[PDB]
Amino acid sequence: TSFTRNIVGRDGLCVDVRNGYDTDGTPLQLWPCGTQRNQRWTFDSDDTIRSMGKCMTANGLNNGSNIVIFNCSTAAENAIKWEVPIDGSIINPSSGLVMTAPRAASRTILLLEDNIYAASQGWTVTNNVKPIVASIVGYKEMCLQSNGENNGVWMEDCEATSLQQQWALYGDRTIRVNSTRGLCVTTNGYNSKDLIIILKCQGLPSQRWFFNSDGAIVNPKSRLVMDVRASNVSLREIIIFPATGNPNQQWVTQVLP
């Protein structure tokens, strides 16, 4: 009933108890991923998340409150209970606030903030601390492809050698250009028919994505899903659109060698 993993988030860095110190109150931060004990988090049935025998704890339950390690039996019960929604948030149920990395840099301190479904609020509980590299196959068994910064993504015939068909699926729930990992698949707005492009990763809600059980790729803020516009691949436009279950909204990842 307990199991232990790393927690990967913004820019692929991991949740780390600062300096590897275990004294009560030590803040959680981002740090490059590794096997050190202060990056190993044990998820217990009681909804606690523990490292070095102590609990992930809200040091306060307000917008901007720090998250720290603290003795599990002395901390407040409301402050040590967490849930892990399927869209990759880490939420403190009492406050409704979510774990947020406000900057990408190593040593950024993790805070509880209002949920805006930002990529800075996406996390992946996993033992694989490297991004998973895959082609994204969709409508007509075509592949989603990059075409440079500030340019639309679109469908092309899948080719094992096309580097612009290769995507790094990061722990912060961003979908990145594998060969240029500072660039993220981004919706150019939150309205139906807004275009999906590549832009510099900035931790925004427009850059957060979820692969759901219906084969959809969902943008949690807008609720809308990637869609090959009008089921017409020669338009070379992928948009966000309400989920219909239709073939032009169905996707699957295929891991690359």
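Counting begins at 1, following the sequence as shown.
**Q** Take the C-alpha B-factors listed in the entry for 70-78 and for 104-112, compute each mean, and give the stretch with the larger one.
**A** Per the deposited B-factors, the answer is 70-78.
**Q** If you average the CA temperature factors over each stretch, which comes out higher, 170-178 or 145-153?
**A** Mean C-alpha B-factor is greater for 145-153.
**Q** Looking at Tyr190, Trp209, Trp31, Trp41, which has the highest Cα B-factor in the entry?
**A** Within the set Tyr190, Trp209, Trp31, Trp41, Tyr190 shows the top C-alpha B-factor.
**Q** For the listed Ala119, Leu163, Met99, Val185, which has the peak Cα B-factor recorded in the PDB entry?
**A** Among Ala119, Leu163, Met99, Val185, the highest C-alpha B-factor in the entry belongs to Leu163.
**Q** Ranking every modelled residue in this chain by its Cα temperature factor as given in the entry, which third contains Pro27?
**A** CA B-factor rank for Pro27: lowest third.
**Q** Taking the entry's C-alpha B-factors for this chain, is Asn92 in the lowest, middle or highest third?
**A** According to the entry, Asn92 has a C-alpha B-factor in the chain's middle third.
**Q** Taking the C-alpha B-factors as the PDB entry records them, is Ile7 in the lowest, middle or highest third of its chain?
**A** According to the entry, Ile7 has a C-alpha B-factor in the chain's lowest third.
**Q** Please rank the C-alpha B-factors of the chain's modelled residues and tell me whether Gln36 sits in the lowest, middle or highest third.
**A** Middle third.
**Q** Taking the entry's C-alpha B-factors for this chain, is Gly64 in the lowest, middle or highest third?
**A** Its C-alpha B-factor, which the entry lists for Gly64, ranks in the highest third among residues of this chain.
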